[PDB]
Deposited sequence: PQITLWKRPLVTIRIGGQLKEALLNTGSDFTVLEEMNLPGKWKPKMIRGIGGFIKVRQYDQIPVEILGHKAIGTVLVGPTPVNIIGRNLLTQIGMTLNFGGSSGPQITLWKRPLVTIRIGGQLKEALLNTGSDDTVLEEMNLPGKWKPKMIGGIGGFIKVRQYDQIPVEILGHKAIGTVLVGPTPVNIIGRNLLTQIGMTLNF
């Protein structure tokens, strides 16, 4: 089955006898759930974090049913704003990126050369991102301030509209946010333009 990206790719998961809503997130190495009680040994871990590291609890070898597939893998629990199914569990259900609208497996970060300023960069393909967020660069044209959120809090960015970006040979044009990001992120706004789907 093919899952398009005009809307957030939310799915119902079953974990510890509980249903929850989670986002299928190719931009995440791991799976990060909002505060809940899970049965298991768990070890303190520190991840990611806009502004620094956030503390999470790391539960290993947990059953998680997703779209009717049973993964058994690592779940991190902590102060994420949304439940996040990362690649560690997307691989287990056999999810890939595709131009359903070349296949990009999810064993590694779906990194892809983009060309945007008439300039060329490496950028993550991120289904868990609404918008495209690019590392600090000069871009021509008018731009307005925006605050966007992720794990750890918010960062301030500049919002440029109607910006052309080439991605794996495809031409996309729309909104690009520019701000202090370790990694360029191609979000759904653009992913949809170029015809990308989550398939498993």
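- In sequence order, the deposited residues that have no C-alpha coordinates form a single range, 102 to 104.
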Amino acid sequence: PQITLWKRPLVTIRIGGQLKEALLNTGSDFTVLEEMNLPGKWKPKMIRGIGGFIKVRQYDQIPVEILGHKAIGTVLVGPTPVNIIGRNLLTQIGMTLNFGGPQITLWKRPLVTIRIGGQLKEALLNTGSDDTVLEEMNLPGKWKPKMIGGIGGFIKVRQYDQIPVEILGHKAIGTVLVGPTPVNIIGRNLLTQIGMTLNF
From here on, numbers count along this sequence of modelled residues.
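- For the pair 78 to 86 and 119 to 127, the mean Cα B-factor is higher in 119 to 127.
- Set 20 to 28 against 184 to 192 and average the Cα temperature factors; 184 to 192 ends up higher.
- When the C-alpha B-factors of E136, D60, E35, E65 are ranked from the entry, the top spot goes to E136.
- In this structure the maximum Cα B-factor among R158, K142, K45, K70 is found at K142.
- Among all modelled residues in this chain, the alpha-carbon of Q103 has a temperature factor (C-alpha) in the highest third.
- Annotation for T91: C-alpha temperature factor in the lowest third relative to the rest of the modelled chain, per the entry.
- Split the chain's modelled residues into thirds by C-alpha temperature factor. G169 is in the highest one.
- Split the chain's modelled residues into thirds by C-alpha temperature factor. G153 is in the lowest one.
- Ranked against the other modelled residues of its chain, the C-alpha B-factor of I54 as given in the entry falls in the middle third.
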